[PDB]
């Protein structure tokens, strides 16, 4: 396998030095390169068990077996004496810059994955371009560099969640002795949005600076891959041109879906619009039951809004349904109305949005329930959160040969390679993978290392933890209870569970026996923890550390032998004892 790896590494790396840590000829080359500001990968063969075998395989490229050996874009460039020859003759810059292509790497999409991949690639001397373009929403909303999470996803969503959480902090403060009267305090949407947008602006600008400082070319243009190595770019002046790249990373992400009903595109909005909305949404209908729908409904209600969620069938399909029900029950008990078993038929406009005074319009929503009753109610804002979809029609001519699945996502090997061998896909468009920002970042950084620094490590997509930032947060890692029972059978599954009450909730007069956690375990495999689930405050902070233990194969006994930190919510995971099979109540 050593020779397979070395061939792939030499072919792909942009600038790479084979070295040993204790070799002064190697250091001589390193210092010349550093002085010339020539970035490169380095592989220290004295730190690899098969280092000696690697030296022998190198002769198949260089005709020599010694270190250092320098390669550029698949070609042996020289040992120490040859590199210094090139340097002293001012030939080195031209050598390391010579390529069949404009770039070693073109990233199509400047989001979580694409920026992470581009930045990491540049570190190893890959001449990199990042293309990003934000197609405006139907009402004209656009935003800057950084992708969905940064501009219209995880970042503003969690900031507006925090704004919502502060509502309950204001309420709690009275019970803890502060002289506040919560009932006399109101929230100003536009003040919040301005703060959120100023932070997002600092991230847009930070990315542009980061790319400039790492010698990455940022093009604000739409890229279309028209052949394996050619990207056609359309700038914002509609000027069309072609750039070429050795490796291509597709990292274009997804956009919200609209249902095909009259009025939806014209008068509704999506999460793309919400996070910079220049007017307060007012009385709001969220159509959908995804984590986006419930997160958005949740903070709008905590900010004091009149909020309704229209649910076709179930909440959070694909998540543990016991937990999803507890999530929704909390929301319903804390202001959020649910129109259950209900779908929309038509959105009619009653008032146009007030651009001058930053006030919402007014809409009539007509729909129907499964029981035959009609739904007809007025809302100032209607948000569709009914799924997201890739957009690759607009980014690959189908003649390039990149295989998509029936949903339009890219079919990849376990090292992110598409059916076109120099083209890779990462992030939400990679079929079958968890659609999460840290997944995209790890995928892109690890891919860049394999392409340009000879790394072999793959991204592990199993047991990736998640958190839904609903008013009461839901963190999870591993299998839902129903999926575990489906895979292994009910007789091989034991579930330990407990309610709990945050200490913070006692003086504040909040609920007993609402926060809840469970471990779904496999009896025949030493009570291996297959899935962990927690409903409670700070659920992402709670869950994260356990994901390391679950990756390592934690069992129930590993949890039991660990000592809790007191007083915390998380410590209840270390003393669980009630099983579901026992029928004993989990209340405390």
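Positions refer to the first chain, counted from 1.
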If you take the mean CA temperature factor per stretch, which one wins between 134 to 142 and 495 to 503? 134 to 142
Going by the mean C-alpha B-factor recorded in the entry, which is higher: 510 to 518 or 203 to 211? 203 to 211
Most elevated Cα B-factor in the entry, residues 529, 53, 547, 557: 53
Out of 561, 28, 533, 523, which shows the largest CA B-factor listed in the entry? 28
Within this chain's modelled residues, let me know which third the CA B factor of residue 41 belongs to: lowest, middle or highest. middle
Ranked by Cα temperature factor within the chain, is residue 553 in the lowest third, the middle third or the highest third? middle
Thinking about Cα B factors across the chain, which third does residue 181 belong to? highest
When the modelled residues of the chain are sorted by Cα temperature factor, does residue 325 land in the lowest, middle or highest third? lowest
When the deposited Cα B-factors of this chain's modelled residues are ordered and cut into thirds, is residue 20 in the lowest, the middle or the highest one? highest
